[PDB]
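Peer 1: I have a structure I would like to understand better, so I am pasting it below and will then ask my questions one at a time.
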Amino acid sequence: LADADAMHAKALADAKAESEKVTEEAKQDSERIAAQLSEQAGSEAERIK
Amino acid sequence: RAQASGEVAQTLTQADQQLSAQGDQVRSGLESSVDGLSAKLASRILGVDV
């Protein structure tokens, strides 16, 4: 029971850390996608010009 | 894309007007040189100076 309580707390902490890393990578990917699509939009606007 | 299309459309019309006029200006010089060009062409076809 003590081991299970400790491991449950550890699993919740690991889930928090994994969520933090996942959302950081998600923000990074959002920035990457936004940059790529803004570059595409700029290229298309320059082509139209 | 919409903004670029709108600005290019505005530029085009601006250019259509400017061209139009630029053409009228030139149309004049055109009518000034028409006489000499026609004389040269007539001389060419006739095979001798008109």
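Each chain in the structure tokens gets a letter, A, B, ..., in the order shown, and its residues are numbered from 1; ligands are numbered from 1 in order too.
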For chain A against chain B, which residues fall within 8 Å using only C-alpha atoms, given as an mmCIF file with N, CA, C and O atoms, in the first residue's frame?

Peer 2:
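The result, written out as out13.cif:
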data_model
loop_
_atom_site.group_PDB
_atom_site.id
_atom_site.type_symbol
_atom_site.label_atom_id
_atom_site.label_comp_id
_atom_site.auth_asym_id
_atom_site.auth_seq_id
_atom_site.Cartn_x
_atom_site.Cartn_y
_atom_site.Cartn_z
ATOM 1 N N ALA A 41 2.294 32.397 -47.146
ATOM 2 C CA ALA A 41 1.425 33.522 -47.471
ATOM 3 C C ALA A 41 2.221 34.675 -48.064
ATOM 4 O O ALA A 41 1.786 35.315 -49.026
ATOM 5 N N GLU A 44 3.160 33.757 -51.611
ATOM 6 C CA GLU A 44 2.014 33.879 -52.507
ATOM 7 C C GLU A 44 1.678 35.340 -52.778
ATOM 8 O O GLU A 44 1.329 35.701 -53.908
ATOM 9 N N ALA A 45 1.771 36.195 -51.759
ATOM 10 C CA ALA A 45 1.520 37.617 -51.966
ATOM 11 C C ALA A 45 2.561 38.227 -52.894
ATOM 12 O O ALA A 45 2.229 39.041 -53.763
ATOM 13 N N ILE A 48 1.728 37.158 -56.361
ATOM 14 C CA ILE A 48 0.605 37.931 -56.888
ATOM 15 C C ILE A 48 1.063 39.328 -57.287
ATOM 16 O O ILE A 48 0.622 39.877 -58.304
ATOM 17 N N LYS A 49 1.942 39.934 -56.488
ATOM 18 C CA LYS A 49 2.462 41.255 -56.828
ATOM 19 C C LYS A 49 3.286 41.208 -58.110
ATOM 20 O O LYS A 49 3.188 42.105 -58.956
#

Peer 1: May I ask for the distance between atom CA of residue B:50 and atom CA of residue B:25, given in Å to one decimal place?

Peer 2: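 Interatomic distance, atom CA of residue B:50 to atom CA of residue B:25: 29.6 Å.
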
Peer 1: Please, what distance in Å, to one decimal, runs between atom CA of residue B:10 and atom CA of residue A:43?

Peer 2: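 If I compute the distance from atom CA of residue B:10 to atom CA of residue A:43, I get 20.2 Å.
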